[PDB]
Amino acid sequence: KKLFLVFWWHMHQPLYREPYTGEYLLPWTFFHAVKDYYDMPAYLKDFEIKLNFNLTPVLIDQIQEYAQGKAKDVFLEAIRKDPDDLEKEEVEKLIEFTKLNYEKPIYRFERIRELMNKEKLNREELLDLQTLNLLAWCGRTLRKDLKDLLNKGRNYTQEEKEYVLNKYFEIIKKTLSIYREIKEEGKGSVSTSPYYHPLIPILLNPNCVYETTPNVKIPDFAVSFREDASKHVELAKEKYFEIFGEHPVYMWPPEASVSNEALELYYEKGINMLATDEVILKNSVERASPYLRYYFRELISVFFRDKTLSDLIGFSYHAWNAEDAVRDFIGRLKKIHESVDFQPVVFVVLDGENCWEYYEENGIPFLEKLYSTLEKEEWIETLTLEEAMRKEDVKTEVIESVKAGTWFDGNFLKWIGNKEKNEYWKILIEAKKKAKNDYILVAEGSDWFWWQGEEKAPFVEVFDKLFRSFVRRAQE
C-alpha cells in the first residue's frame, strides 16, 4: 500500500517588458531564472523522484528573450556597468533594490550590512554592492561551481562580476532544454496556464465573485471578456506546442481559480486534468477529501491540492531547520498513509520560485534532504501528472458543481472589490472597448490587480507603469 505524492511547481512572471521602449523594467524574470527556473527541474538529475512543473507562456517568452541576448534589463544594466559609469538614478535603484531584499537569508552577507551602513559608497564598495546582489540570487548548480567566489563575500572585481554574469546567462540558455529533457525522460510532466495568467472565471463571468463574497462591489463590466478567456487558453496551447512539440493536456489554472464555466472552457479546449485548492473543495462538497481523483461532471479530472502540506513548504519551513522540516513533512505523510486503507493521492502544489529566498541557503539543504529522503522511502511513490491522471489503484469521486474561487481564501478579493483594484478593472473595461491587438490580453494578467491598492507593495509604481503602458498599447 503506497502513498502517491505529486509535486507540481508553478512558475510564472508577468510581462516586465515595457512595450514602447522594449525595456524590462524589473529584473525578477532574470533573477528567478538564474536562481529557480533551471535549478528546480535540475534536482531531477541528482534524485530519483518525479517532479512536475507549470510554465506560463508569458514566462517562457521572457526566458527566451533573455536566452537569446535580446532582453534590455534596466536593473541588470546597473549591475553590469563599471561603477564609474553608473548614473545617479542607477546607484539609487541599486540601493533601493538592496534595501528591499536586505533581510532575506539569501542576502546574508556581512558585507551587505556594512555597505548599507555607509553614507557614500566608493567604486570598490559599489562593485561589492553590484556583485553581492548578483550572487545573492545564485542557484544550486552555480552555488557549487562558484562556491569560492560566494565565500569571498567582499572585494569583488569587475572581471569576477562579469564572470558570474556569463555563468548566469549559461544557466538561462539551458533552461528550456532541461524541461524538455525531464519530460522526455518521464521524470516529470510539464503543464502550462492560460497565456498571461488571467483570472479565467472572472473573464468568463464577473458575477462569479458573488458565489463567495456577496457584499463585494465590482465595476460595470460593459464589455465581454469571454472570447479573450478562450484566446488565453488557445494561445497557451500553441506556445506550449511550439516549445515541447505537443499540445498540453494538463493545465494549472492561475491562482487555482475555477468555476463551473471555467471548467467547461478547459474541457472544451481539450484539457484532461487540472488541479485547484482544497478550500474550493470544502466550499463545494460535504465530504471534502483531497486524496481522491475527482471527475467534474465526467468531463475533466480535478485534483485538489493538500493545502496544509503545500503551505508548510510555501510558508512555514523557511522558519525551520532543514532536518526538522523534512522530519515533520515525512511524519505528516506517514499519518496520511496510515489514515486510509486505500492509496491516497497527495498533491503538493505551490509557486515554484518564491519561497526559497526566505530559506537558509536558498532552500537547498531543505530540498536536498527532502528529495534524498523521498527517493529512498519505500512506501512513497512520487508520480508525474500523467501517472497521477492514469493511475488505476486510487479512489475517485464525481463532482457536479464547484463554488467559484481561488486558492486565496477561496474568493477573489485579492484582485477585485476595493476602489483601487476596481479602478484597474474599469481601465481595462474601457480599453477593451477600443482594443486593437493582443496587448489587451497582457493587461488581463492577474498580477496587475494583485499589486494595485495594497499597503506598500514594492515597486508598485513599476507594475502600474507596465499595466497602463500595456493598456495604452492595446488601443494602438
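A residue's number is simply how far along the shown sequence it sits, counting from 1.
Enquirer: On average, are the C-alpha B-factors higher in 130 to 138 or in 278 to 286?
Expert: If you average the C-alpha B-factors of 130 to 138 and of 278 to 286, the larger mean comes out for 278 to 286.
Enquirer: According to the deposited model, is the average Cα temperature factor higher in 192 to 200 or in 360 to 368?
Expert: In the deposited entry, the stretch with the higher C-alpha B-factor mean is 360 to 368.
Enquirer: Going by the deposited entry, which of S339, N207, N354, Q158 has the highest CA temperature factor?
Expert: Answer, based on the entry's C-alpha B-factors: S339.
Enquirer: Pick out which of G314, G245, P254, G405 has the highest C-alpha B-factor in the PDB entry.
Expert: If I rank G314, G245, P254, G405 by C-alpha B-factor, first place goes to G245.
Enquirer: Where does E430 sit by CA temperature factor within its chain: lowest, middle or highest third?
Expert: Its C-alpha B-factor, which the entry lists for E430, ranks in the highest third among residues of this chain.
Enquirer: When the deposited Cα B-factors of this chain's modelled residues are ordered and cut into thirds, is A236 in the lowest, the middle or the highest one?
Expert: Answer is middle: the recorded C-alpha B-factor places it there.
Enquirer: Rank-wise, by C-alpha B-factor, drop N166 into the lowest, middle or highest third of its chain.
Expert: Tercile = middle for this residue's CA B-factor.
Enquirer: What third of the chain does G22 rank in for C-alpha temperature factor, lowest, middle or highest?
Expert: It falls in the middle third of the chain.
Enquirer: Sorting the chain's CA B-factors, does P41 end up in the lowest, middle or highest third?
Expert: Lowest third.
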